[PDB]
Amino acid sequence: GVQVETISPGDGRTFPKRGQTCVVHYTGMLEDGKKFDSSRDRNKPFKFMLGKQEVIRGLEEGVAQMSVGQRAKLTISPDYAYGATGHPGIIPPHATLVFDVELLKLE
Ligand SMILES: CO[C@H]1C[C@@H]2CC[C@@H](C)[C@@](O)(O2)C(=O)C(=O)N2CCCC[C@H]2C(=O)O[C@H]([C@H](C)C[C@@H]2CC[C@@H](O)[C@H](OC)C2)CC(=O)[C@H](C)/C=C(\C)[C@@H](O)[C@@H](OC)C(=O)[C@H](C)C[C@H](C)/C=C/C=C/C=C/1C
């Protein structure tokens, strides 16, 4: 569902717990294609709480297996992303997504 390839290693010990707020930088693109979003270019980290279905399953499960400081390439299959419906106007049906995610801190 989500494949994780490490860009930079974390501490290897500090992982997100259920109900914790994850602070991340991300860049998102369609596989081998167009970039659709970046928190890095606007210099504003993205915050979400784990275990609250706030983000796509691929990102949730990608961040959940990352330690603090880790940066990774997340390849997210459509079923762990926006599926056959897509995201209106931005993400097509059956789109595999690539997120470059850095887990900055947990709060
Ligand atoms: C302008 O930028 C948008 C985000 C854009 C939307 C379009 C996509 C290309 C994208 O560019 O982000 C993008 O890169 C993307 O695909 N993202 C964002 C980064 C995390 C991964 C993914 C995602 O899951 O987006 C999310 C995706 C689009 C929809 C969710 C997917 C998972 C599913 O379980 C949810 O059903 C509920 C819906 C959008 C979000 O990350 C926002 C934060 C979360 C929600 C809207 C819901 O969780 C909602 O549930 C009631 C909430 O609890 C929120 C906090 C309540 C308040 C009022 C809403 C705030 C909305 C903020 C919107 C923001 C910052």
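Numbering of ligands and ligand atoms starts at 1, following listing order. Note that the numbering runs from 1 along the sequence shown for the chain. Values below: every heavy atom of this structure, side chains too, minus hydrogens, waters and symmetry copies.
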Contact atoms of ligand 1, heavy-atom distance to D37 under 4.0 Å | 10 (C), 11 (O), 12 (O), 13 (C), 14 (O)
Ignoring angles and geometry beyond distance, decide whether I56 reaches within less than 3.5 Å of ligand 1 through its nitrogen or oxygen atoms.
-> yes
Look at the rings of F99 and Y26 and say which category their plane angle falls in: under 30° parallel, 30 to 60° tilted, over 60° perpendicular.
-> tilted
Could you list the atoms of ligand 1 found under 4.0 angstrom from a heavy atom of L59?
-> 20 (C), 21 (C)
What's the verdict on side chain to side chain contact (heavy atoms under 4.5 Å, CB included) for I90 and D37, showing C-alpha distance, side-chain angles and the deciding distance?
-> CA-CA 10 Å; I90 307 179; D37 202 1; over 6 Å; no
Under 4.0 Å from one or more heavy atoms of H87, ligand 1 contributes atoms 7 (C), 28 (C)
Measure from atom 22 (C) of ligand 1 to every heavy atom in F48, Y82, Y26 and give the option owning the shortest one.
-> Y82
Which residue from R57, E54, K47, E60 reaches closest to atom 55 (C) of ligand 1 through any of its heavy atoms?
-> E54
With a cut-off of 4.0 Å, which atoms of ligand 1 are near a heavy atom of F36?
-> 9 (C), 13 (C), 14 (O)
With sequence neighbours excluded, tell me which residues meet side-chain contact (heavy atoms from CB on, under 4.5 Å) with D79.
-> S77
Under 3.5 Å, is there a donor-acceptor pair between the side chain of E60 and the main chain of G51?
-> yes
Salt bridge (charged side-chain N to carboxylate O under 4.0 Å, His left out): which pairs involve residues 92-103, sequence neighbours left out?
-> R40-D100, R40-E102, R71-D100
For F99, the ligand 1 atoms whose distance to one of its heavy atoms is below 4.0 Å = 14 (O), 15 (C), 16 (O)
Rounded to the nearest 0.5 Å, what's the gap from NE2 on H25 to CZ on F46? Could you check?
-> 12.5 Å
